[PDB]
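Novice: If you scroll down you'll find the structure; I have some questions about it.
There are 2 protein chains.
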Amino acid sequence: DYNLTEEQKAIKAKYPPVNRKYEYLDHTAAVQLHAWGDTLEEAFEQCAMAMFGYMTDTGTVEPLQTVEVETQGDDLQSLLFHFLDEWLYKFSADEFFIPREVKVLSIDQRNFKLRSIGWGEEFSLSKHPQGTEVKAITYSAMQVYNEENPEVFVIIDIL
Amino acid sequence: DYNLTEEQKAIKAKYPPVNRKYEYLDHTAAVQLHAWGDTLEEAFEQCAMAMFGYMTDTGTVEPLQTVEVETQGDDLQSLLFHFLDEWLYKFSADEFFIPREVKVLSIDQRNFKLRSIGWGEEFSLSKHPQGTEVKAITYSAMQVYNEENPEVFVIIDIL
């Protein structure tokens, strides 16, 4: 499964081949997003911007369009999960939208309701740099530090 | 982060920059090894070969020297773990040996002891293709089947 130099190919043919009786399965990968802000709404919105920043350079997205994502949860952690998941879906399913920026307009901390919007356009390999695909959001070692200088830690599955 | 086209570059300058308050941490990865053989001795050697076959093309490794690895365990699963951890150690440090091929000469199923050998040479990106570094052996989902057509399943941490 490798690209070889003519030199390396020389080696291989020189020696008896080895019988292989094995295979590789279930390759998995993940990365932990850490985001922060002056408010809890800033930390979530930065978190969504981190996620998308791992899919491309958002600096190259034009804010042609606007999208709104509204969601809710049982607690802040679930709220963050859904918040990220809905956004991911907007990218994943047609329209395959990607925001240049996200802004969280409001978070209700009693009932765990959230309003956000993002501005950008249709994602395209011809137009926009390629980075890593994002497979899913995960509750793995998820933290919401709702306090002075809020911080958010989220693990996402990738390729 | 990304190297981009002038067209892409032009766009970035066209619009105001986005302030960023995030970072990416703890990039991780895993792959599962599935190896089999007619004997158990074979399953095990093949499992090691799979591990090494993820680091480079083991076919490009010349059998210049031979090395011995012996280990013990409390059970078969720990034996496997140590066996792979020992072969892994020998690549990661001191002489940085990679086997072209590995043979398990004996396993003691009563006392959980084994002797293996491998033939190969010092690792070097001057000779050998770059694959993935292997960080660690994991007991995660470790399975050893010691009936007819023995097989084993092991997960490893990778970079």
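Those protein sequence lines, which keep their order, are chains A and B.
Per the deposited numbering, the very first residue in the first sequence carries number 22; after that it's consecutive.
Per the deposited numbering, the very first residue in the second sequence carries number 22; after that it's consecutive.
We put the beta carbon where it would ideally sit given N, CA and C, even for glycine.
List the residues that DSSP assigns as beta-bridge partners of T79(A).
Specialist: Taking the first residue of the first sequence as 1, we reach residue 79(A) at position 58. According to DSSP, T79(A) bridges with nothing at all.
Novice: Are the CB atoms of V88(B) and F104(B) within a distance shorter than 8 Å?
Specialist: Position 83 of the second sequence, counted from the start, is the residue given in the question as residue 104(B). Position 67 of the second sequence, counted from the start, is the residue given in the question as residue 88(B). Result no, Cβ atoms of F104(B) and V88(B) do not sit closer than 8 Å.
Novice: What number of angstroms, rounded off, separates the C-alpha of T159(B) from the C-alpha of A69(B)?
Specialist: Along the second sequence, read from residue 1 onward, the residue named residue 159(B) stands at position 138. Along the second sequence, read from residue 1 onward, the residue named residue 69(B) stands at position 48. Between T159(B) and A69(B), the C-alpha separation is close to 14 Å.
Novice: Any contact of the segment 60-77 of chain B with the segment 115-125 of chain B, i.e. 3+ C-beta pairs under 8 Å?
Specialist: yes
Novice: Tell me whether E169(A) sits in a helix, a strand or coil according to DSSP, three-state version.
Specialist: The count along the first sequence starts at 1 and reaches residue 169(A) at position 148. Residue state, collapsed to three classes: coil.
Novice: What is the rounded straight-line gap between the Cα of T81(A) and the Cα of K30(B)?
Specialist: The residue labelled residue 81(A) in the question sits at position 60 within the first sequence. The residue labelled residue 30(B) in the question sits at position 9 within the second sequence. Approximately 7 Å, taken between the alpha carbons.
Novice: What residue does the beta strand (DSSP E) around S137(B) start on, and which one ends it?
Specialist: Within the second sequence, numbered from 1, the residue matching residue 137(B) stands at position 116. Per DSSP, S137(B) belongs to the beta strand (DSSP E) from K134 to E143.
Novice: Can you have a look at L85(B) and say buried or exposed, based on whether 16 or more other CB atoms are within 10 angstroms of its CB?
Specialist: Numbered from 1 along the second sequence, position 64 holds the residue referred to as residue 85(B). Under this definition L85(B) is an exposed residue.
Novice: Would you decide whether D78(B) is buried or exposed? Buried here means 16 or more other CB atoms lie within 10 Å of its CB.
Specialist: Residue mapping note: residue 78(B) aligns to position 57 of the second sequence, counting from 1. Per the 10 Å Cβ criterion, buried.
Novice: Tell me the DSSP secondary structure of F118(A) in three-state form.
Specialist: Position 97 of the first sequence, counting from 1, holds the residue named residue 118(A). If DSSP states are grouped into helix, strand and coil, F118(A) belongs with the strands.
Novice: Should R131(A) go down as buried or exposed, given a rule of 16 or more other Cβ atoms within 10 Å for buried?
Specialist: As a working note, residue 131(A) is residue 110 in the first sequence. Classification for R131(A): exposed.
Novice: Would you call the segment 44-53 of chain A in contact with the segment 40-55 of chain B, where contact means no fewer than 3 C-beta pairs closer than 8 Å?
Specialist: yes
Novice: Cβ closer than 7 Å: which chain A residues qualify as neighbours of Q29(B)?
Specialist: The sequence position of residue 29(B) within the second sequence is 8, counting from 1. By Cβ distance, chain A contributes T81 and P150.
Novice: Can you list the residues of chain B that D78(A) reaches, using a CB-CB cut of under 9 Å?
Specialist: Here residue 78(A) corresponds to residue number 57 of the first sequence, with the count starting at 1. Result: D22, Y23, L25, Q29 and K33.
Novice: What's the gap between the Cα of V155(A) and the Cα of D22(A)?
Specialist: For this step, residue 155(A) is matched to residue 134 along the first sequence. For this step, residue 22(A) is matched to residue 1 along the first sequence. Approximately 24 Å between the Cα atoms of the pair.
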